[PDB]
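As a starting point, one isolated chain is supplied in structure tokens, in the form deposited in one PDB entry.
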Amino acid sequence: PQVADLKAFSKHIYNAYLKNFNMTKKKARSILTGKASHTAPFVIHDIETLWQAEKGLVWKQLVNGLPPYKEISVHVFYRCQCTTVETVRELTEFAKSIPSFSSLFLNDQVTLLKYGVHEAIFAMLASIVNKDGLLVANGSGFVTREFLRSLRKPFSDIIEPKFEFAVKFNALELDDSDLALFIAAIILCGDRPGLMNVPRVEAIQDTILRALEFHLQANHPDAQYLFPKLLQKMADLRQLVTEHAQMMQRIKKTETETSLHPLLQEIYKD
């Protein structure tokens, strides 16, 4: 009985995911491998191709919108910020499409997103990443990892650890239906500081994890240890975000000319 109920639960979480996320891992890998399209992403690998992309790529955020121009490395950081805020919006709608999330009081919803979105972002990031770079502008562009490594500190350093995590994460070969459950488990996390109804969130988190575990038994029947492996990734994501926050703190202290989106400021506020 347990197994059958969880299967319907996982399907509703998967529908929430399909309804709300801009791009699926299925779509991303088809672009990154080159099978899908009559057109390939524009490759951004240096200043000239970045400039050409800003001139000719369609970006969710108009360039004129980004904070005033400062320099190549900050400009790139502003696009990272713009896409992060866009992904917070999507993750917020994903969570609200999960009834047990929407049944929580609104202040606990905020606490869960506050301390969960960056873990979920960096997990979902792996879907648009390969070892050579990542997709941008809805799959219109591909920014090489080498280019991002060429940016000056501290902007290059905040970027490379995410690639390291993503490449290892992609070798577990999760599909979008796995990720929907994995991301939901990250958001509904009973450990977040200042949660009001902890036992409620813990019970939801436990339900998602049981669903996840049964989900991988059907969808990945030959992958030994894959469920405990994903629990370790969820611990690894906390450490990745702790370091990310530390690096963001340094950027705030030493890059005083770089502006930070106020919503992200609220997230880091502690």
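C-alpha atoms forming the largest set that superposes within 1.5 Å between two forms make up the rigid core. Start at 1 with the first residue shown and count on from there.
What comes next is about the form deposited in another entry, which does not appear here.
Asks: Superpose on the core and compare between this form and the one not shown; which one of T39, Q217, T33, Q239 crosses the 2 Å Cα shift mark?
Replies: Per the superposition, the moving residue is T39.
Asks: Superposing on the rigid core, does the Cα of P228 end up 2 Å or more away between this form and the one not shown?
Replies: Stays below the 2 Å threshold, so no.
Asks: Would you say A203 moves between this form and the one not shown, meaning its CA shifts by 2 Å or more once the core is fitted?
Replies: No.
Asks: Aligning on the core only, does the CA of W51 end up 2 angstroms or more away between this form and the one not shown?
Replies: Comparing forms between this form and the one not shown, the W51 CA shifts below 2 Å.
Asks: Between the shown chain and the other structure, the Cα gap of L66 to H261 differs by 3 Å or more. Is it closer or farther in the other entry?
Replies: Their C-alpha distance grows by at least 3 Å in the other entry.
Asks: Please say whether the CA atoms of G65 and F21 come closer or move farther apart in the other entry, knowing the change relative to this form is 3 Å or more.
Replies: Residues separate in the other entry, at least 3 Å farther apart.
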